[PDB]
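First, one chain by itself: the form deposited in one PDB entry, in structure tokens.
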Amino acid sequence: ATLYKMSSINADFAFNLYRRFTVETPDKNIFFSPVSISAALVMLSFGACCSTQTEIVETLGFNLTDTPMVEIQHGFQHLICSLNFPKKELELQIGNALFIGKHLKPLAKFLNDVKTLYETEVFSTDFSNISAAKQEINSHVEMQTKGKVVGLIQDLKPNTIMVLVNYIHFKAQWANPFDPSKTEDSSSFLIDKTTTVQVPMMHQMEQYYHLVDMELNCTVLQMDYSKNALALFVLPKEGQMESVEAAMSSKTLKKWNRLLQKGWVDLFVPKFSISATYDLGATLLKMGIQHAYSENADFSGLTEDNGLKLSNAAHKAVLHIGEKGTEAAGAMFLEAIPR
């Protein structure tokens, strides 16, 4: 109810970022956690002031006249809390870690806030040994994602003085699992007009919510997990992927939620894993986060001396879909250097 308006803005941010990725890497796999990316940037905004702060939340899709800064902060705090609330049969955890340089002067308020309100672990980190620091952070992310996100950080700047990381791990079982005895070992999957790859193809005949969107010329299939989560598969008609991508929005999701109807489907779904990485520094800059990178960055709410600025950002996310369910994880990295 109160979360919905925010999650909807978060969804339109997800689709806008998705469309930037389709320009960066056309006709290629895309996979990311929008909630991870949004949550990491809102955390950074908690210590920002003035235009540095407003640029971040506006880039995330918020209108400050509609949703005041304090409301955005409270909302995201409530969102993280709700997502982490234990739900039987569902593994879902989203958390943050702050790796603070030995000589940093973080404000006691910033630290207590993130720890108490934003599921944050704080670690005193010696960045003078940059190789060891990078390994500590990568290993932490690896642990918190149940081993699924390995080597998040490829390079760490030698003058790094703070790193903020967000992680998400998700593991769920299908409401109606596939029988591996009905999985075809090797089936064709079209990757371009003249080329197929072979994948195992799972097969079941069950009642699912589904629709054909008559305007967008795509099939939409909902597959429930056993509690509090679902997967939506969107299968455009031949030649329609670009137009469907253009149309993806919270408005479109609301339309589909009304139109979905449960009935029998003879369903074939591939068993597969993929992984994706994104260097987000320049993308976030293009999207409107400018002052955070500048020599006049205003993070006066974070450290005593306003002594840092954003230098780099990256995301990695992984997916596996099989007969039992789905396991996915992601992590976001934000690097800071002296201002």
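Take the two forms, find the largest set of C-alpha atoms that superpose within 1.5 Å, and that set is the rigid core. Numbering starts at 1 and follows the sequence shown.
Just so it is clear, the following notes concern the form deposited in another entry, a form of the same protein that is not shown.
Asker: Please find the residue from 238, 266, 215, 155 showing a Cα shift of 2 angstroms or more between the shown form and the other one, rigid core superposed.
Answerer: Residue with a C-alpha shift of 2 Å or more: 155.
Asker: Taking the rigid core as reference, does the Cα of residue 95 move 2 Å or more between the shown form and the other one?
Answerer: True for residue 95: a C-alpha shift of 2 Å or more.
Asker: If the two forms are fitted on the core, does residue 128 show a Cα displacement reaching 2 angstroms between the shown form and the other one?
Answerer: Yes, its C-alpha moves 2 Å or more.
Asker: After a core superposition, would you say residue 59 shifts its C-alpha by at least 2 Å between the shown form and the other one?
Answerer: No, because once the rigid core is superposed, the C-alpha of residue 59 moves less than 2 Å between the shown form and the other one.
Asker: Given that the shift is 3 Å or more, do the Cα atoms of residue 163 and residue 24 end up closer or farther apart in the other entry than in this form?
Answerer: Closer, not farther.
Asker: Since the Cα-Cα distance for residue 24 and residue 156 shifts by 3 angstroms or more in the other entry, is it a contraction (closer) or an expansion (farther)?
Answerer: They are closer; the C-alpha distance drops by 3 Å or more in the other entry.
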